[PDB]
Structure formats: C-alpha cells, structure tokens
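# Inside the fold
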Amino acid sequence: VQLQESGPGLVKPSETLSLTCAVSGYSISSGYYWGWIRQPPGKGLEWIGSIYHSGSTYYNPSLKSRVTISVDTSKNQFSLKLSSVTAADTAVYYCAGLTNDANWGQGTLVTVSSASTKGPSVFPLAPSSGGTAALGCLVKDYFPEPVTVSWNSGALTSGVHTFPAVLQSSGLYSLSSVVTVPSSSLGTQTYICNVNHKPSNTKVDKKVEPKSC
Amino acid sequence: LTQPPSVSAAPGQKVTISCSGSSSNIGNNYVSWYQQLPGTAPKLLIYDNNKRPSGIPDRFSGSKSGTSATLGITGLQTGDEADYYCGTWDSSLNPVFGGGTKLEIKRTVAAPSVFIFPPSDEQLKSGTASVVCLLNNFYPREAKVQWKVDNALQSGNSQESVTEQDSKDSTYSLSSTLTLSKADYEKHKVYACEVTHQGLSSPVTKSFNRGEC
C-alpha cells in the first residue's frame, strides 16, 4: 500500500489549492476513510477533513467553507480543494487513510505566495586544503521550497549532511549539501550531487572535483 | 492538547512525554501517539491509549489518566530523535493534535571539524560570491561562527542553518554562508571563519587567501 500526494508547490493568494492522493497497492473503493492533515513549516498538525467509504465528509469547522474532499474510484485517487488560499495555508499537506493504523503519504509542500517559481543554480563546494575531506554543492536562488539532493545517485549516503534551506533577503532560497570522504579517494572516486527542484522542473547532476591550489 | 516543546536524556535512559487536554478531548476519547522523524510523515506508535501496532517495539508504551496521556520511551537509542505528537478526538469527534515534543539524545561532547570553501569560479563569473564555513558533527548544539574579511568582522551578511541530530551519531552540523558581491570579494585577500564550541579548548579558525586556489 502506497499513498503519494501530488499537486503544485506554489499557489497564488486568493486562488484555489488542488491536491491529489494517488493510492497504489489497494483499491480506493475499499478504504474505510481517507483524509487530509497539514503542517505549517515548523509547527504542529492540523486536521483538514475526512471522507468515509459511504461518501460522507466531515471538515474542520475553521476551514469548512473552503474545503472540498472527494474520491475518484476510477483514478483510484482522492482529492482536496481549498479555495481562497492565503499565506496562512502554506504547509506540508498529508493524505492519510485507513484500510488500527492509517497509511500516511509522504506529504507535499504547498507555498502560498505572490512570488514566482525560479529554478536553482548549482555550484560546487570543491574539496581542498585528518585524512578526511569535505565537499558539497551549493543550491542557490530558487523558489519555492523544496529541493532534494542525493549523492552519486543514492549510492553515497554515509556522512552526507543536507542542510535546511535559508530564505535570503532576496526572497529566494539557498541550500547546501555536503559529504565527508577519505582524502585518498579524491583522485579516483567521482562525486556527483543530484539536485531536483520539482516546482521548476529543474534537475541537475553536478560533478564536484578537487580544485587546483 | 498541550505537550512540552522538548525532552532529552542519554542513550539507554527513559523519557516520558505528557499530553495535557480537557474533559472533552482526552477525558472522553482514545489517545494516539505519533513519531515524526525529520522529513517524514508521522508514524503511529500507540493507539486506543495503550495499544502498539505491528512493528512498534515495546520500548514505546502509552497510558491515559483522566484528562492527560503519557508516552513512555525506554532504552533510548540514536535514531529515536524525532518530534512526538499526541492525537485524540475533540467534543465533535474530530481529530485534534498536540503541538509536538522534540526528543534530544544527550550524547557526549564532540568538537566540530571545520572546513572553509571559497566561492567557485563559476559563481564568481555570475557576479556573486558565497563563502561557506562548515562545522561538522559536533555536540551540543551551541556553536558560534564569526566571519572576518581582511580582519574586518562581518556583521549581518551571513546566514546559517543546522541539521537535526544525526541518526547514526546524534551530532549536529552547521553551515554558514557569507555573501559578498563579486566586486567586493575581489577587494580583499583573507577570508576567515572562526568557530567557538564547548568541545574546543580555544576557538578554531579556517581561512584562505583569495586566488590561491
């Protein structure tokens, strides 16, 4: 059983947020209830609404006039529409459902903002200078969040740190991702950072090579 | 539903996390508990006050007494660091959640390893210079980074961010970025990051001279 949210990462103020929850490995018609919960960055969980197998819906009263939850049995998915959004609706949105233990999706960040999508530039943090070397990638000047960074297509996970992005005074985010590796590897082992800014459909594979000093 | 912002203890010890509610939520209804490891969805630990779903180990337990409920975690290990949430139903039988408690594992002190990265030539060509100072795998979280450019203390033109405790060694890492324009970067030679941390007998400075790499 897998739940996966999908929907735009950026919505403009006053417009309608639409999200979908694709259900795999389980027939959407068989589920006892399906629902949505959201989590503003840095904050706690807020229930949005649920729908039961019968079609009956229940919504958070503080959101009720703006929420629609529905199910499409044929697409095997269910949906959330939230009208008239403001910055207050910026959050990670989770779909969940009970088939004792609800399945949760992985969540999708929706940012409500009048700023526009902008893809990142990817710059190397080249190794240089205790038998260990640090290297990384600087993922700069993108909007909205998030970006994901892997190393060597997922083969390199030990010693990786991908930092929280910072919101620059420019209104754009920047993020660094680093890894520490044996100094003796730098001549022979290729290090590539795999960057993926889904809001802008920007994917970059950047080789990080030792500088000449 | 109120819970404390944080709780901490050493590996192998026990913590409790309490959820204080009212007669009309916890007082009338079942209580669930959730673990939210950073970047993942909440995961159910306890339901119906005290029941563990399949695959949750008996290090976790729950109970309810009057208008409060408590999660216990024994045998604390690296990788238990997470936000823990209680959930129940309100007077309308709609889900409500506590604000979250962040668990910190109190490991031994570890001084950071420090690395400094000049801007890449690629970024410089585009008109900006990001200088990055990395503080790797330290404990506890308190750390101070001071930037100096030809011995001029930099105030207000840097931003930093810190990872969550590491799932293998319970340390933090921190990345600080100093931003200058290209024209300003080319006006100076010596770029230095000085790091203060309880694990260091005196502050550590990493520096480079512009143009040596």
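For this deposited structure, the header cites X-ray crystallography as the method used and 1.650 Å as the resolution.

### Remarks on the overall build of chain A
In terms of helices and strands, chain A carries zero helices and 19 strands. Counting only C-alpha atoms and orienting by the principal axes, one finds that chain A spans roughly 70 × 40 × 30 Å. Among the 213 residues that make up chain A, the fraction classed as buried is 49%. Looking at chain A as shown, the accessible area adds up to about 9,700 Å², and 49% of this sits on carbon and sulfur atoms. Taken together, the 14 basic and 10 acidic charged side chains of chain A have centroids lying 5 Å from each other.

### Looking at the pattern of salt bridges
Residues and elements named next belong to chain A. Taken as a whole and assessed by the stated rule, the structure comprises eleven salt bridges over all chains. A salt bridge links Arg-38 to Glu-46; its shortest N-O distance comes to 2.9 Å. Using a relative accessible area of 25% as the deciding quantity, one classes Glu-46 as partly exposed. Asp-72 is the salt-bridge partner of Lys-75, the closest N and O atoms lying 2.9 Å from each other. Within this structure, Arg-38, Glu-46, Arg-66 and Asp-89 form a network of salt bridges that share partners.

### With respect to the interface of chain B and chain A
Taken together, the contact between chain B and chain A spans 39 residues of the former and 39 residues of the latter. For the chain B face of the interface with chain A, the top three residues by lost area are B:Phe97, B:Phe117 and B:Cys213, together amounting to 17%. Connecting chain B to chain A are one salt bridge. A:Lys206 serves as the salt-bridge partner of B:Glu122, at 3.0 Å between the closest nitrogen and oxygen.

### Considering the sheet that holds strand β19 (residues 202-207) of chain A
All names here are of chain A. Ordered by their spatial adjacency, three strands build an open sheet running β14-β18-β19, and the pairing between neighbours is antiparallel. The sheet is open, and its two edges are formed by β14 (148-151) and β19, each paired on a single side. Between one strand axis and the next, the sheet turns through 15° on average, direction left out of account. Note: strand β18 (residues 192-197) against β19, six bridges, orientation antiparallel. The residue of β19 that forms the bridge with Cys-193 is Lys-206.

### Topic: the domain arrangement of chain A
All names here are of chain A. Taken domain by domain, chain A holds domain 1 (2-112) and domain 2 (121-208). A separation of 31 Å is found between the C-alpha centroids of domain 1 and domain 2. Contact with domain 1, which involves four residues of that partner, is made by four residues of domain 2. Of the roughly 310 Å² buried between domain 1 and domain 2 on both sides combined, carbon and sulfur atoms contribute 84%. In terms of surface lost to domain 2, no three residues of domain 1 exceed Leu-10, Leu-109 and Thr-111, which account for 83% of the buried area on that side. Counting across the domain 1 and domain 2 interface gives zero residue pairs in polar contact. Of the residues in the side of domain 1 that touches domain 2, the class split is two nonpolar, two polar and no charged.

### Section: the packing of aromatic side chains
Scanning the model with the defined rule gives 14 aromatic pairs over all chains in all. Consider the rings of A:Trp104 and B:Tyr34, whose centres lie 5.9 Å apart with planes at 65°: the pair is edge-to-face. In this pair, A:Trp104 sits in strand β10 (residues 103-104) while B:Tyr34 sits in strand β3 (residues 32-36), so the two residues belong to two different chains. Taking the relative accessible area as the measure of exposure, A:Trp104 reaches 15% and is therefore buried.

### What about the state of the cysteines?
Here a disulfide denotes a covalent bond joining the sulfur atom of one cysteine to the sulfur atom of another. One pass over the full model with this rule turns up five disulfides over all chains. Shown here is the disulfide that connects A:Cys137 with A:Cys193, its sulfur atoms set 2.0 Å apart. One disulfide, between A:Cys137 and A:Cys193, carries an S-S torsion of -100° and so falls in the left-handed class. Of the two residues, A:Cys137 sits in strand β13 (residues 132-142) while A:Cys193 sits in strand β18, which places them 56 residues apart along the sequence. Take A:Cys193: its relative accessible area is 0%, and that puts it in the buried class. Across a sulfur-sulfur distance of 2.0 Å, A:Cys213 and B:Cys213 are joined as a disulfide pair. Across the disulfide from A:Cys213 to B:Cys213, rotation about the S-S bond amounts to roughly 105°, and the bridge is consequently right-handed. Of the two residues, A:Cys213 sits in the segment after β19 while B:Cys213 sits in the segment after β17 (204-209), which places them in two different chains. Look at A:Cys213 and you get exposed, because its relative accessible area is 60%.

Quick notes on the rules
Residues numbered from 1 in each chain as written, not as in the entry; some residues may be left out. Chains lettered and ligands numbered in written order. Heavy atoms only, no water. Helix = DSSP H or I, 4+ residues; strand = E, 2+ residues; numbered from the N terminus. Buried < 20%, exposed > 50% of the residue type's maximum accessible area, 1.4 Å probe, protein only. Areas by Shrake-Rupley, 256 points an atom, 1.4 Å probe, with all protein chains shown as cover. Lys, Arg positive; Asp, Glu negative; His and termini not counted. Charge placed at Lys NZ, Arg CZ, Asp CG, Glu CD. Salt bridge = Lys/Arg side-chain N within 4 Å of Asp/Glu carboxyl O. Contact = heavy atoms within 4.5 Å. Buried area = accessible area lost by both parts, 1.4 Å probe. Pairing = 2+ DSSP bridges. Axes fitted to C-alpha atoms, helices over the stretch in contact; angles between N-to-C directions. Domains from an automatic or database assignment. Polar contact = N/O pair within 3.5 Å; in protein donor to acceptor, adjacent residues only side chain to side chain. Nonpolar A, V, L, I, M, F, W, Y, C, P; charged D, E, K, R; others polar. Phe/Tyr/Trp six-rings, centres within 6.5 Å; stacked < 30°, edge-to-face > 60°. Disulfide = S-S within 2.5 Å.

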